[PDB]
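Everything on this sheet refers to the single structure shown next.
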Amino acid sequence: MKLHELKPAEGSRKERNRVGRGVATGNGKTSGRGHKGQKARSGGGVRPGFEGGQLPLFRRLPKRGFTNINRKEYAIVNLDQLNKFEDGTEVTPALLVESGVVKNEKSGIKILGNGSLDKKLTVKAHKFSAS
Amino acid sequence: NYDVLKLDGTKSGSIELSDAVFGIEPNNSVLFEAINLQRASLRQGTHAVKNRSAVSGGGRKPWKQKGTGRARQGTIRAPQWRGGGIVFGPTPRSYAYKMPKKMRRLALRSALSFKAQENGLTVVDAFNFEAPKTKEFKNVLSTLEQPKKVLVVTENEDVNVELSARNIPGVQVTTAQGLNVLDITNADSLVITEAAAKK
Amino acid sequence: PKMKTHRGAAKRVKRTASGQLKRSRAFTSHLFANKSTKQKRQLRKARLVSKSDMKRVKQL
Amino acid sequence: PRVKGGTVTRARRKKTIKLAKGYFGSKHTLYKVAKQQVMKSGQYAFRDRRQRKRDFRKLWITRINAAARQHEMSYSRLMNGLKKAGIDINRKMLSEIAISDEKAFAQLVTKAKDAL
RNA sequence: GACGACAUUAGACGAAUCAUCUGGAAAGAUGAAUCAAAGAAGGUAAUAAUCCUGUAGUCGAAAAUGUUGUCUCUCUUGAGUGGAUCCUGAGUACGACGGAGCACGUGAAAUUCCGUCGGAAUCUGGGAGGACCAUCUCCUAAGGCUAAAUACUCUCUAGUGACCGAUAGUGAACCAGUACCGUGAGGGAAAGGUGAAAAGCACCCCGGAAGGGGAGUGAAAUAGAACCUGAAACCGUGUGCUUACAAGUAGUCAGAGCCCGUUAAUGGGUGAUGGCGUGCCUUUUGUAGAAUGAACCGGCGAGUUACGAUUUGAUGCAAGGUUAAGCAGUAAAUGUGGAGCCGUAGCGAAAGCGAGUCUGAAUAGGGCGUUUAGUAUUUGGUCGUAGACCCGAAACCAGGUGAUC
RNA sequence: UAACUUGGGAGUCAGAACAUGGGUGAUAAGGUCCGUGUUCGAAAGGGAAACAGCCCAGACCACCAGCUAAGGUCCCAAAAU
RNA sequence: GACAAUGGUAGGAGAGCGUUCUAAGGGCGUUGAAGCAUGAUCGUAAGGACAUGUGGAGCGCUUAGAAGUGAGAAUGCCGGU
Ligand SMILES: [Mg+2]
Ligand SMILES: [Mg+2]
Ligand SMILES: [Mg+2]
Ligand SMILES: [Mg+2]
Ligand SMILES: [Mg+2]
Ligand SMILES: [Mg+2]
Ligand SMILES: [O]
Ligand SMILES: [O]
């Protein structure tokens, strides 16, 4: 490129469709005929004139919790945890480990909360722990 | 790979150049969108226009609605009427968008490859002086349009901008529009490793 | 502005590119049929997800 | 950057009006009227080409029958005489023949009359 | 209240070129030369780094102002222990009643304020911790002051524009809030350009004058003041062809006669005569339509923009991806900046459990989830919020102007 | 040779005539209301004197070529007194 | 080289022309720019060159970017006739 040679990609640009022009543009009226192409141009969000969108309230939502990490890692060997956010999670409100196809490599562990299948594996590997 | 540093017209010891900066096999698409990202940013939005609202004018109905024999009109200021407003006028904007951190680096490295693709030169400059003598320096033949890449702050060569066609940054910011205009660049031996390592 | 969610979202809850429901008729006149009175399941408005969106998308 | 829309309009309108040379009254000076009259013209051409083909087929047939009434061979006896003879040509050559030379036409009718 | 430095209100210096052709005139072409901390810009008889103003840089203030500094200048005790006894803001806080406001509509409705009315305590005290009691934790009203960070620009200085260039842009480029209209509040215009220089037509002639023909100024006066360029409508003068038995949405097709010669090719101008043929848009079940709009022509003039969602295409990364504000930086892509956001595991109203959960007596049966590709930026399509394709109402409300009819 | 799913985008909700089975109406309506099918609407051209819907037939452009469809062959007006 | 399709309003999809400006490159211009006028020319279209006259100083071209981007009709505004 010396700024007199440029040729960008294929499918990075297009026409813009100016409307209010032409007759042979494929436009000229652009919506209906007297119908409701007026300026406001709304049926009003979502509404047909009646009330099929009204169903019961089946709810509550208080505070909540944990993240996830599967047991599927083969990154570390013996490098017990809460050190890390690199090859696991970035954020932690409350940490928790789970299943996800087995870890045959033997590491310890350092965790809040624990899954059951995870427990019975990591005990058959090096360690189980709960803090 | 390697280039031959030199001094005023005499060869000197070779050097090493990363395959990843000056062998990055440039990418046109990235380079395109990069440059448009720059050339858009300089564009400031200082234009303006008056709609039918801000315009000093009227809501007075000049003639009443009906009984006339002429049309029905509400103001003497509207896009029709001479002196009226200008509907869907242009108004200021940011004229600036973003690209990721990495596509930038890929761009810089791409263009810098586009030089070494053909030829990009190197020198050791310690000339602390202030003059047009730096034009006689071009016995290296270093064709017209150029940057002259120094380390951070120099206050000697940068006052010599006044030549008809060149540039002279520090490496702290070297930009792919400052580059891609000129076809012949040069650089310092001290600093080429910086840009190479800094990417 | 950010776009405002329709706070009739308590009525419709997400799974995986879709919505979940409690069916409609309940909570007055429970005289009527036993089989009509087993109605705790899914509902949905399949084609009207086209209709009932870009107002409730933060939760979908 | 506002755009003075001038500098094209007039030129377009000249490229119309200068296809109005020979039209009557204010039809050869004014854009509007000459626009719409032009459009009528182009359409009329688009039916007139078809129309000339129809026409000259009529004309050639007329002249030809005007020839073969001389031997009182009405036009249809003849043509059927020609498809049976194992020969065939266009019209317009029967015309030009039977106009510029009579004898040739006579020999055609002999060649056809005897196949009936 | 004394006494120094810096900036501001006038300014100065400020490097460098000659010729030939064209020209009315060179700053252009042609050549050979020069300065650069100055090739920014504008003017100069046509397009100039080297002709002028100028810029880079440097210098400069008697007086006045403004901000800063050091001695004057003022003004000042600062902690600790012990806690016998006293003090820690009264018609207050709080409650009820009606109300407002707190994102919060009287709701279970805290916390804060208003009015009426009642009406506490004194550190072993009192208030809060979203009705209310308890334990725990934190804080101490009912008295007052407080720079910066921030929001705006009537105005000035210096600058800038993928801003306008006379129906645009301030309404206003000019003697404009003028002329004008109206009792009055108030509303509101149109109108730029000679040439390089006024050198702005001496003088003769007709003419009452105006105006003109001549002569001259000037490169050009068909640039001569209503003065650059000067289109179309419209109006004329002359002329090649044609037209006075003729029924015409006006053309097209065919075509003789008469004339002419091109951006030189199946030529151009006219057109006796015949065939064929009921305008344009809009709206409409359908319109030649006797349904609507347009007198002609010139100009003007209607899907835009931000923010956000969504999908489509591209592009970079990849089980990873990405920065926000802010800081430095040429009002700049370019570096920093890992709070935050998405995804990676879901189901259940929720506690919760977790590749299974929920429902359920059930391990049955079924709904959902399984089996990895996602994500940041962006062109386009669409939507929503903001007047949001344009023009168009009677009407409503607050404020004020008029009883000279 | 089309059919289905998903995703993006709309338009349309006033239909008319002809034939046909029917209701209503008076075995009236260029009527109205339904089913059935076509054409017009969004489709010119040839015929129906003339004509939105009837009849034949679906225009990419040009030719001074031909054969046919409906309907026609004395002049108008091409073609058999 | 064959084979087939190519009427079309609402409307959906696609490729395209020209204007103003910018950036870069390369070019024209008193030995007469732009605009204007005339013309029997090129291109499938929108459109563009060329010759000549007038005109008296700035303009094109290729690549790409952003647009106040196109006007025959509003009982449309203005101006002239
Ligand atoms: Mg109360
Ligand atoms: Mg009170
Ligand atoms: Mg003008
Ligand atoms: Mg139209
Ligand atoms: Mg009607
Ligand atoms: Mg008009
Ligand atoms: O209005
Ligand atoms: O309006």
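Please note: Cβ atoms are built from the backbone with ideal geometry, for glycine as well, and neighbour counts cover all protein chains shown. Quick note: the coordinates plus some simple rules give every number you see, no bench work behind them.
Averaging Cα coordinates gives a centre for region B:94-120 and one for chain C; these two points are 50 Å apart.
Rounded to the nearest 10 degrees, the angle from helix B:28-41 to the longest Cα principal axis of chain B is 60 degrees. Its convex hull of Cα atoms gives region B:107-199 a direction-averaged projected area, equal to a quarter of the hull surface, of 5.6 nm². Relative contact order, whole percent, for chain D stands at 17, derived from Cα pairs under 8 Å and 6 or more residues apart.
Among A:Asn114, A:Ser131, A:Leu82, which residue has its Cα positioned farthest towards the positive end of the charge dipole of the protein assembly as shown, with +1 placed on the Cβ of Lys and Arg, -1 on the Cβ of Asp and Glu, and the dipole taken about the Cα centre? It is A:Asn114. Restricting the calculation to alpha carbons of the protein assembly as shown gives Rg and Dmax of 43.2, 126 angstrom.
Treating the angle as unsigned and between 0 and 90°, give the value, to the nearest 10°, between the Cα long axis of helix D:31-68 and the longest Cα principal axis of chain D. That helix lies at roughly 10 degrees to the long axis. Across A:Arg18, A:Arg64, A:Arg47, mean-square fluctuation computed from a Gaussian network of chain A (C-alpha pairs under 10 Å connected) peaks at A:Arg18.
Percent of Cα pairs in region B:1-113 per distance bin of 10 Å, from zero to the largest separation: 11, 20, 16, 14, 11, 10, 9, 5, 3, 1.
Which shape class, rounded, prolate or oblate, goes with chain D when its Cα gyration tensor gives a ≥ b ≥ c as root eigenvalues, a/c under 1.5 marks rounded, and past that a/b bigger than b/c marks prolate? Here chain D falls in the prolate category.
Per residue, the Cα convex hull of region B:28-179 amounts to 216 Å³. Per the Kirkwood definition applied to all pairs of different Cα atoms, how many angstroms is the hydrodynamic radius of chain C? Computed over Cα pairs of chain C, the Kirkwood hydrodynamic radius comes out at 13.5 Å.
Straight-distance candidates among the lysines for linking to A:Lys120, with alpha-carbon spacing under 24 Å and chain neighbours fewer than 8 residues away dropped: A:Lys72, A:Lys84, A:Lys103, A:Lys106, A:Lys110. Each peptide in B:111-122, B:56-67 receives the mean, over its residues, of other Cβ atoms within 10 Å, and ordering these scores from highest gives B:111-122, B:56-67. Relative to the longest principal axis of the Cα atoms of chain B, helix B:101-116 runs at roughly 50 degrees. Residue order for B:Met99, D:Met73, fewest other beta carbons within 10 angstrom first, comes to B:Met99, D:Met73.
With contacts taken as Cα pairs under 8 Å at a separation of at least 6 residues, chain C carries a relative contact order of 48 percent.
Using only Cα coordinates, the Kirkwood hydrodynamic radius of region A:1-83 works out to 22.3 Å. Count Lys and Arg as plus one, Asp and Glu as minus one, and take only other residues whose Cβ is under 15 Å from that of B:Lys135; the net charge is then -3. Other residues within the sphere of radius under 13 Å centred on the Cβ of A:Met1, judged by their own Cβ, net out at 0 (K and R +1, D and E -1). Springs join every pair of Cα atoms under 10 Å in this Gaussian network model of chain A, and among A:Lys103, A:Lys36, A:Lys14 the largest mean-square fluctuation is at A:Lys14.
Taking all Cα pairs closer than 8 Å and separated by 6 or more residues, the relative contact order of chain A comes to 17 percent. Checking the Cα-Cα distances for B:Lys98/C:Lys2; A:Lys29/C:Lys58; A:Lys119/C:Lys22; A:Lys7/D:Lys15 against a 26 Å cut-off, the pairs over it are A:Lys29/C:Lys58; A:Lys119/C:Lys22; A:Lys7/D:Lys15. For the peptide A:62-71, the mean number of other protein chain Cβ atoms found within 10 angstrom of a residue's Cβ is 0. Straight Cα distances below 22 angstrom link B:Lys133 to the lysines B:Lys6, B:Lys11, B:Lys148, B:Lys149, with same-chain residues fewer than 8 positions distant left out. Structure remark: mean-square fluctuation, Gaussian network model of chain B, C-alpha springs under 10 Å; the largest value among B:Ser189, B:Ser29, B:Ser142 belongs to B:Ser29. Mean partner shielding of peptide D:106-116, defined as the number of other chain Cβ atoms within 10 Å of each residue Cβ, is 0.
Ordering B:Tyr95, D:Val33, B:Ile24 by Cα displacement along the dipole of the protein assembly as shown toward the positive end leaves D:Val33 in first place; charges were set at the Cβ atoms of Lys, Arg (+1) and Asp, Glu (-1).
Per residue of peptide A:50-61, the mean number of Cβ atoms on other chains within 10 Å of the residue Cβ is 4. For the residues B:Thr174, A:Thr89, what sequence is obtained by ranking on other C-beta atoms within 10 Å, fewest first? Ascending number of Cβ neighbours within 10 Å: A:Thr89, B:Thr174.
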